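For reference, the structure is listed below as structure tokens.
To find a chain, count down the sequence lines: A is the first, B the second, and so on, and within it residues start at 1. Reckoned from all heavy atoms, side chains included, excluding hydrogens, waters and symmetry mates.
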Amino acid sequence: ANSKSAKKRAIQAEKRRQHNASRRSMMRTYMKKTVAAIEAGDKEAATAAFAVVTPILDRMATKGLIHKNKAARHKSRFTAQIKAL
Amino acid sequence: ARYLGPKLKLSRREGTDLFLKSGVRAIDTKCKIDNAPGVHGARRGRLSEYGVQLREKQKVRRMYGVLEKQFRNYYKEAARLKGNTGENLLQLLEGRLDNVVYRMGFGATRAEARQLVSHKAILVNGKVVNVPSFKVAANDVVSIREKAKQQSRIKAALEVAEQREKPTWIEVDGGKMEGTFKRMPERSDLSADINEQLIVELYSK
Amino acid sequence: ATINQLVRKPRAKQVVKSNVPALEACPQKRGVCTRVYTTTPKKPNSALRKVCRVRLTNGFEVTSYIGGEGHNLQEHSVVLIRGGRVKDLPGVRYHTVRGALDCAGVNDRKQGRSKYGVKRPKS
Amino acid sequence: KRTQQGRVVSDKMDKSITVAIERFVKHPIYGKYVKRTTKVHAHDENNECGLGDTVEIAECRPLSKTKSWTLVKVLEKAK
Amino acid sequence: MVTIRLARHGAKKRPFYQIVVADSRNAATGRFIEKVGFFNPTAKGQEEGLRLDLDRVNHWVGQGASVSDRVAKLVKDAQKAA
RNA sequence: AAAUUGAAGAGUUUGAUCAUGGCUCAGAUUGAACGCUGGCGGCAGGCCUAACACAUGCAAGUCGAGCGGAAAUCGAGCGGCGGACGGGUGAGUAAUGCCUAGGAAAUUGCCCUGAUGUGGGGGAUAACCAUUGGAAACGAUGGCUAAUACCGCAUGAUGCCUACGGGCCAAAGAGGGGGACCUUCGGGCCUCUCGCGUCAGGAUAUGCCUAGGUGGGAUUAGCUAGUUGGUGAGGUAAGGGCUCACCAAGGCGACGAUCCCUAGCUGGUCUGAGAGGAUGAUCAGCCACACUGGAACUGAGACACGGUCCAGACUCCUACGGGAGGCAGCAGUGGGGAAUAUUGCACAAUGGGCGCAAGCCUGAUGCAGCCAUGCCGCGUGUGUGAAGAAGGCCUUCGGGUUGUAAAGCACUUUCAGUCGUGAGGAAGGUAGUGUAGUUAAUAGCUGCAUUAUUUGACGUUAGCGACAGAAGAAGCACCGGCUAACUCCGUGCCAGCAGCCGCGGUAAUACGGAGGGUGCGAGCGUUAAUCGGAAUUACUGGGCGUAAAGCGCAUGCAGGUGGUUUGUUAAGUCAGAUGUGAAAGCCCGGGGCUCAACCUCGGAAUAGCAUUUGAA
């Protein structure tokens, strides 16, 4: 990068990438836990996992890591998919 | 540019008087007017329609001392303007300041008129105009700056213009050395020797 | 032609052709003379007409006329060519611009000098 | 309610009518009025319509790659 | 954001400004939303120095349009004109 | 009121003719080039080629009122915001773009409006210090520390999910001032300012969809298999084969699919009586691209010109281990080319970024330089002047002509020159003071005035005066016909000319010179190129017995067209309304520059499309 500012932006963007990746990774891990249980079939364990993920999804939506709409989608789908069990 | 070269030569080609000298001596006494310029001057015959048109166009240009690019623009305006393209063209040429200071008599020729205009001798509505081709409108007052009110060429030219017929569309107090362009001339007011029709026709050809 | 015929297949625009294809729609073109020779006109006409084969910058080889009396063009002269058929000479579609690059003005021309590259006589 | 009428011209797709809409246009050059045809894949939920039927369709959201029209009403069924 | 600002037209040494509503991100002399007036800084004779449709100005300000300092001063001048 | 007033032909086929029919010419135009020539000004324009390669400088920063600090009110650092704009280019793209008109399934930083909050905690980390790797680039290791950096917890509904019934989610302080109450005298405490969260509207911006329109080729007729549709899942801001699995066999195409060639699109521009034709510089809108190819990251927004990563070609540095770079930003260089400019000045103005502001930054932009590249204006003198000078040229040797031309004699002095004067572009900034709001407040803050003071790159500015003197300022093409303008010499089918027809082989108005003339004029010619003329692709507006042209004849699908009549419908048609058809341009009226170009106000126009109401 030519300018000092460009060089900084690059550094910052890296730290943010690392941060976002960690958070995304986690939110995904907790989503996979719901998905696992809905696939296994366990209407209890599914709701349990879903209670862990709901805050995370809503938090990450406000903190920008995902959109509100994406949180809604996952929550809505997951709810149907458990109720379905 | 302005055509700077021998004047009567032009009149000889056009076969007429263009008034390029003050009319103190008759054009015939200063030149062989009935012969064209040059060694083939006493040999005139068939001109084409094109030549006939061309001559008429040149007659009018040379009278008013306008070059082609300007003259063609005048035609374009005369056309754009409402009504008679031929008449419009003449009233455009007649509305020029260098012509208007000639018609009033401040200049003995249209070329002296132009020098007067260029050299900042002339006011229009009390402002100094030194553009020959400025379009004097109706009820405009062309005057002479107090500086130039003492130029004897001007006094001269007033008495030269006494020798001509008066413009009935221009009023002049030559004592106060100011004139009013009362109104634009009609076709009837001007020379009927001019066939404007041919010039319109030339600029379709 | 009926309207319905014209609706089915409209009237065809006509492909025009350039007489000066080598210029490639440029006003002039530089080339190097490969041969400077003379050729005889098509008959009714009789002369020895000074021409040059020229390799242009766009890689065309063309024959250009060398107009006016006398010229200084050897093989390897760098000339500018313009458009212009010579009616007499079948093949010649270009003129060599006299008075431009290695081509010199026609010596001791005094009318139409600009066409032949000759400067104004110091009077 | 800017709908467009037309005629079913295929029905072989599941839940999809191809409908041929027909415009009568003055020719830009030659002045003659000319039949021109827009085909427009519409959506038919119930597989109601059949090849030949005259239907009224309406523009909607994209329902597939090529379907952004929907069957309003069948106007006249085929012989 | 939407801004009310001067857009230079006219000729070299003879600026003539259109007062325009525009997205700020545009070039001042490019894509504008609405022309709301003009400002001739060197107007003579009968030629108006400042036309400005204050109603339209207010409309846009009420929708969160900024005004440039210059247009802000011409708004005052158009109000001392009213 | 007006928004127009518009339409020319000629040459050449023959012994001659009339037709047919090419070819050619006169016009207008230009991002031109070239030749000759060249004074000034105004306003525009200026790599069309090599999306070739690029030396050098510069084109994106800013904030100390976020933070620890301190190298010298500020470097470096953290953090915020910007860097997605502005600027460039047209390579790709023939429709995933553009234009027009709709649509539904979206998001949208900054801004505005409204409503709500903003509690209580935590762990880090750069800078720094210590040590150490490296030639450098760039690192490493160990301590240290702050925040509007980051994280949890609390809290939140008019948010989101939920069939309920419920469940779930965030945030940040900083600065100015101060009455009283407090004060461990730090501050709490009040008020205002600038910030912080969430939600809802608005605005703006953008994504997505549809229809119609938007080159050439049929000596390119089949094309497609995530292909076309369905179901479900995933995925997205959002609908959707967007993706996958599965089911079905669809889909497109002679109203030209597919393929190939070419190409950024539009407003417009040029030409044209128009209908058309041609075109897409400058200006403005949209799109695409950024050494080539790929990729995402960060973010409201990028798959990012001056960011990241990877691969590649190239260039460079290297201490051989390893590094560095991307002018299609502005100047500029080389190269290519017929051909296209300064390594300028300034942020004064208009904007843009950041900032409470002051400001800082800004090759955007304003200006300046260069070039007759274009348009427009002006000048290069005016009048008088016959011996009709001389000289040149011609001559019937009489004369004619150059030519009132020159000289001479009176004048004038624009513009150049010199010296002076001298607008306008400037809005603001700062500091007082007062006021009027806020507020506990004669504080602070914000506005309004008012005083003082400061802000112009252009710039020795335009504009004006004053001088002195015609003084400093004219070419270029042409003169056989077309086509305005003719003679004499030289030449002798040579030399040469030429757009076409042709000209030249001894009295050449065609070659070359001269005299004279014609046209145009700071230009004039040539070449290239577009339209015109060309009714010569004919819709307007042509033809086919013999000039080019009726299929050898027929049958016939698609298509085209279709008798009479009633009713109905209203698709075509017609009329009107509404929305839209950007601005600029064009046109008509004005207005402003001494005029003009140019700038500018209003209108007309945008012949269309959508919706809608009528007529039949």
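- Residue-to-nucleotide contacts include no donor-acceptor pair under 3.5 Å from the side chain of B:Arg13 to the base of F:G517.
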(request) List the steps, then state whether side-chain contact (heavy atoms from CB on, under 4.5 Å) holds for B:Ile27 with B:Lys21. (result) CA-CA 8 Å; B:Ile27 191 178; B:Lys21 307 285 181 180; over 6 Å; no

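- Set against F:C601, F:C539, F:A338, the side chain of C:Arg11 has F:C539 as its closest nucleotide.
- Searching all strands for a Watson-Crick or G-U wobble partner of F:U580 with both distances below 3.5 Å returns F:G608.
- On a pure distance criterion of 3.5 Å, no polar donor-acceptor pair joins the side chain of A:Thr79 and the base of F:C161.
- For F:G326 and F:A372, the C1' atoms lie 40 Å apart once the distance is rounded to whole Å.
- Positionally, the nearest nucleotide of RNA chain F for A:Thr62 lies more toward the 5' end than for the other of E:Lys73 and A:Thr62.
- Nucleotides F:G336 and F:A275, compared at atom P, are 49 Å apart to the nearest Å.
- Ranking F:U204, F:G589, F:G383 by closeness to the E:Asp23 side chain, first place goes to F:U204.
- Minimum atom distance to the side chain of A:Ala6 is reached by F:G83, of the listed F:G521, F:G83, F:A529.
- Side-chain proximity of D:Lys32 to F:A426, F:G212, F:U561: nearest is F:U561.
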Using a cut-off of under 3.5 Å, enumerate the N/O to N/O pairs linking the protein to nucleotides 291-298 of chain F.
from   : atom 1 : to      : atom 2 : distance (Å)
F:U298 : OP1    : A:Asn20 : ND2    : 3.0
F:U298 : OP1    : A:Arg24 : NH2    : 2.9
F:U298 : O2'    : A:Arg16 : NH2    : 3.4

